[PDB]
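We begin with a single chain expressed as structure tokens, specifically the form deposited in one PDB entry.
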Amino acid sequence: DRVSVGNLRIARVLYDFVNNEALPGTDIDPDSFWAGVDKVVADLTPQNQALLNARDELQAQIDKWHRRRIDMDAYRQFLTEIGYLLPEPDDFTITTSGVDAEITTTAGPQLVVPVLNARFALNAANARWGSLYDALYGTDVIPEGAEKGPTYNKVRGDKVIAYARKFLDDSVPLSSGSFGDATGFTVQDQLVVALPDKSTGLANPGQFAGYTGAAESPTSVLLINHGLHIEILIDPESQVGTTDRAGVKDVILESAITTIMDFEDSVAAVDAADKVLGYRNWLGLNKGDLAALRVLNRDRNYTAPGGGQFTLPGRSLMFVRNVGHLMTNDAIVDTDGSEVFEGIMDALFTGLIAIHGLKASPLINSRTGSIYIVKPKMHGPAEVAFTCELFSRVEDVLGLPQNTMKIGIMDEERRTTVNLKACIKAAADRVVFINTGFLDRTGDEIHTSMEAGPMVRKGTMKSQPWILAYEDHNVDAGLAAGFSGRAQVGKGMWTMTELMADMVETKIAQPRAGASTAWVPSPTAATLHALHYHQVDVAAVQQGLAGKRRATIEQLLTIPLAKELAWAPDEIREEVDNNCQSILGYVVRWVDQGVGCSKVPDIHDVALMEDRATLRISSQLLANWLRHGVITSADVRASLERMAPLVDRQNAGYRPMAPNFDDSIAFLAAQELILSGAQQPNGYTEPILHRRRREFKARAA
């Protein structure tokens, strides 16, 4: 079933894929590459294993501590004693180089898409440019007599048009009058726009940055604001442009400035066939020839306010997100049976692939010659140090100069949060971002303090002292480490796919909090969230936050215990009902269809775009309420059974779970996640999930 190379037994599909598709073009000797792999896996595996065991020893110690008991003073002293809370390093500045300006300079939206889905991955890459009009018309941003019918509704149209003209006014203002009264654009020398009883220019001429067509009647005017590009498309002959008083047919926003192709929480990849699919798609993006023709967009040409032709990138600068340290995968199995660590595997294979995106021989990702890898679920700075070591070993096997493989550190584990400055310092010449999330981090929060008592409800976690301090701490640390002109400070994902008006209203808080990037669920959402980077001068904000220490180690460690009495019976029911629905709705699709991400209607029927992290939080909360006797096993079974046919309801378009639950592999998976969730390492969900997806796939054979 396998190819023996050194002490490794590689799955043939994987072996064949690396040799036939990946290796050619990289100037890496196939046999050499394979011994390289063999070497790295043997060398780094016990360290990898050492790190994983340290996690369990720490959690055990913490579990016992709580069981013998809150004295927040000795608690913090205990953590220090065991090596969980480490000493905070001296002040420093990251020194990472050869990084693209999308990362170092531009604040903008950031897309995340499951790599296994070439259609989504294609749109993601093409989402760097996005029509504002389409985004406004199609979503609930413009309210509905402007209803969306089977045909275009001109009423909705000039509402769209009005909104856009106002956007231009706030973003690239004219010295006199508004864009709403524009009648035409000309390029005298510079960008002059004709008003009815006037003619005016850009209040700051530097905002003009190019155009197309002829200077007298340009086909489009390129504008720039806060490093982001705005393009007004001008075609009086077009249907839209015929009714526009300056012949404007559309406004195009530079939107998803970067994208993350995800091998982690948004996919289901449980054996060697899945991984190859992922790697193959990642290959196609890097060579630049993936298609379905819908091709990757080529770059864009323009004319400076009196000069030559310059080209702007037309694709989203791509990061890849490898899996984390925990999992093994039988794509590579050792001589004596043991599955190799998935993360080590990802570093070599996605790193090898990325080499193709460094040159044309057609499409290039990084222009400065870096490979950008996001690493998730690290706990503490020894774990960061190992990842950097993994990368340096890989860059040797690949022939790449050291420091080629950049790191984006996800801050989503408690032991990383309280040692963030040191985690950053361990990657000080590789790091190109940090980022915060609600979902994994809360999962970890619940699991680390599982034994201390029952946690507050899920909806309530969003406002807890620990999480507010954690968000602020992330930014402070990034800024103090000198991120402003160097790396991204990122914030989490907007998960309500349909609530775009709501998104435009609230998600502005993230750049206001000094985040240079944040996550959006789609190309449409990317365009809309780009509006926020125009309103908010992030570099200004980041400059204002300098030297500020707005979160103390005492605040970070405030465990979210519910106060006594707390809830009335029906509130508890709603909570478990809601959690069981989230688990089922997601798990049914993960196990039966290997679809890691899609729109799962929640209890109140909102379309949520959640990944595996939602599993982690929902399950850990229930296991917590189980452990402290808030609810019983008799309670949990009940809801899980009640919600099961309703998930079945929300899935018309599949194999029902009700009424014969005990023979549904998904229903068993979801149930296991609850009842044994307290036993899962850091409440991770992969172990139970990977097992069951494999189980189900052995029903399909």
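Start at 1 and count along the sequence shown; that's the residue number.
From this point on, the text means the form deposited with a small molecule bound, which you will not see here.
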Exercise. So which stretch, 564-572, 550-558, 407-415, 382-390, is the one near the small molecule in the deposited complex (non-hydrogen atoms, 4.5 Å)?
Worked result: 407-415
For this session: Evaluate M493 for contact with the small molecule in the deposited complex, applying a 4.5 angstroms cut-off between non-hydrogen atoms, and reply yes or no.
Result: yes
Exercise. Going by a heavy atom distance of 4.5 Å, is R321 a contact of the small molecule in the deposited complex?
Worked result: yes
Exercise. Just to confirm, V276 within 4.5 Å of the small molecule in the deposited complex by heavy atoms?
Worked result: no
Problem set entry | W519 within 4.5 Å of the small molecule in the deposited complex, heavy atoms | yes
Exercise. Of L400, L439, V251, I631, which residue is found within 4.5 angstroms of the small molecule in the deposited complex when only non-hydrogen atoms are counted?
Worked result: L439
Exercise. Of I583, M378, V112, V394, which residue is found within 4.5 angstroms of the small molecule in the deposited complex when only non-hydrogen atoms are counted?
Worked result: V112
